[PDB]
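# Mind folding the following:
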Amino acid sequence: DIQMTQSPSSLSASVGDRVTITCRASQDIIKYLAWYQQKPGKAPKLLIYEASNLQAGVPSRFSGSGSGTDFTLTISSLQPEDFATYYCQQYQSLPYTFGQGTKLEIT
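Numbering: from 1, shown residues only. The structure is reproduced below:
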């Protein structure tokens with residue numbers, strides 16, 4: 001099984017802050033990494049696919065980078081609606097595994 005380690009588990013930031021969330025894959029997954037946003041009571045929404053391809057409709061303040069084992073999700077300037085739980089997921093090999101999540105809270 002490929003294990004996805006995300007950090008941090010949680011963080012508090014202010015609107016207009018830039019935030020960085022990392023995800024580490026236990027084995028090479030090339031660019032087969034997705035980032036999802038999950039608001040409370042709601043399902044995950046795909047933000048980024050193939051490590052850095054932003055999905056349509058998703059604000060550009062969201063960006064993904066990395067390859068191999070180390071990935072990053074950056075939100076350039078937080079908006080109120082961005083407070084949620086963020087997850088990375090690898091889809092190179094079954095079972096497709098999620099990181100533990102990062103709960104982003106407002107300061």
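
# Name the residues linked to the residue most central in space within the chain by a beta bridge.
The centroid of the chain falls nearest to residue 35 when counting by CA atoms, centre = their mean (3.9 Å). Residue 35 forms beta bridges with residue 48, residue 88, as assigned by DSSP bridges.

# in this protein, which spans are strands?
Using DSSP state E, the strands of the chain run over 4-7, 10-13, 19-25, 33-38, 44-49, 53-54, 62-67, 70-75, 84-90, 102-106.

# pretty sure the residue nearest to the centre of the chain contacts residue 64?
Yes: between residue 35 and residue 64 there is a contact at 5.6 Å, judged by CB atoms under 8 Å. Any C-beta I mention is one placed from the backbone N, CA and C, and that applies to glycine too.

# so what sits against both of those two?
Shared contacts of residue 35 and residue 64 (CB atoms under 8 Å, 6 or more residues apart in numbering): 47, 48, 73.

# tell me which residues of stretch 62-75 are tucked away?
62, 63, 64, 66, 69, 71, 72, 73, 75 (16 or more other CB atoms under 10 Å).

# before we move on, back to that, and which of the shared contacts of residue 35 and residue 64 is nearest to residue 29?
Closest approach to residue 29 among these (CB to CB): residue 48, at 14.1 Å.

# Quick check: the gap between residue 50 and residue 104.
From residue 50 across to residue 104, the span is 23 Å (CB to CB, to the nearest Å).

# Across the sheet, point out what pairs with residue 62.
Assigned bridge partners for residue 62, using DSSP bridges, are residue 75.

# which ones are touching it?
35, 47, 48, 54, 73, 74, 75, 76.

# now those residues as CSV including distance to residue 7?
Shown next, in CSV, are the contacts of residue 62 (distance: CB to CB, whole Å):
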residue, distance to residue 7
35, 14
47, 18
48, 18
54, 22
73, 11
74, 14
75, 15
76, 19
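
# just to revisit the earlier point, who has more neighbours out of residue 50 and residue 104?
Between residue 50 and residue 104, counting by other CB atoms under 10 Å, residue 104 is the more crowded of the two (21 against 13).

# so the more buried one bridges to which residues?
Bridge pairing for residue 104 - DSSP bridges - gives residue 11, residue 84.

# surely it meets residue 13?
Yes: using CB under 8 Å, residue 104 is in contact with residue 13, at 6.6 Å.
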